[PDB]
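Novice: model this:
(chains A and B)
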There are 2 protein chains.
Amino acid sequence: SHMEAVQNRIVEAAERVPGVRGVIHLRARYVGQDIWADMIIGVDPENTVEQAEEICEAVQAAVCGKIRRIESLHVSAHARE
Amino acid sequence: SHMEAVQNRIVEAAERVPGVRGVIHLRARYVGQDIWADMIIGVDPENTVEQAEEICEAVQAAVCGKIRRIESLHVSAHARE
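Specialist: Numbering: from 1, shown residues only, chains lettered A, B, ... in the order given. Shown next is the protein structure:
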C-alpha cells in the first residue's frame, strides 16, 4: 500500500534516533499531497522530562529531514519499560 | 518534483555506503509504479576490482532496502580522485 510505505519510513526514521524505545502511536494522513502526522515515542522512564522533550525534537528533525512530504509532525513521549 | 524526491533518496542512500566517492551517474525511470535504475559510483582508484564489486553490491543492497519501489538497480564503479 501507498500509506504503508510512508508510515514504515516514518517509524524507521524515528526508531534510529537515540533514546527512542519504539513508536507507540503514529497517525499520518494526507492533506493534499502533504503528510500531517502525530506520533508518540517510548522513552526510558528515568530520562528527565527535559531529555524526553529533546528526544521528541530530535525525532521531529530526523523524520522531517528524511521524508520531504511531511509538512507537520507533532511528537510526544511516554515512559516505556 | 516527483522523480527529484526519489532520485535524492537514491543518491543519499548510495553515498552512505562505505567506499562510495559520490554518485557519478543515475538514470531512474518508472516502469508502471516501479523504478528501474542504473547507477555509476565513484571509488578509490587503488581499491581492487574485487573491492569495487563488493561496494557495488553493498550499494545495491542499501538502496534497494531503503527505497521499496525500486525493482531493478544496476550499479557499476569508476575510479574517482
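
Novice: Can you report how many residues neighbour residue A:44?
Specialist: 16 (other Cβ atoms under 10 Å in any protein chain shown). Bear in mind the C-beta positions are built from the backbone N, C-alpha and C, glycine included.

Novice: ok, it touching residue A:18?
Specialist: No: using Cβ atoms under 8 Å, residue A:44 makes no contact with residue A:18, being 10.8 Å away.

Novice: Residue A:52 sits in which helix or strand?
Specialist: Assessed by DSSP states H and E, residue A:52 sits inside helix A:49-66.

Novice: Am I right that residue A:18 falls within a strand?
Specialist: No: counting by DSSP: H, G, I helix; E, B strand; the rest coil, one finds residue A:18 to be coil, located in no strand.

Novice: I'd say it and residue A:55 touch.
Specialist: Yes: using Cβ under 8 Å, residue A:18 makes contact with residue A:55 at a distance of 7.5 Å.

Novice: ok, these two, which is more surrounded?
Specialist: Neighbour totals were compared for residue A:18 and residue A:55, and residue A:55 leads with 22 against 9 (other Cβ under 10 Å).

Novice: Alright, I will stop here.
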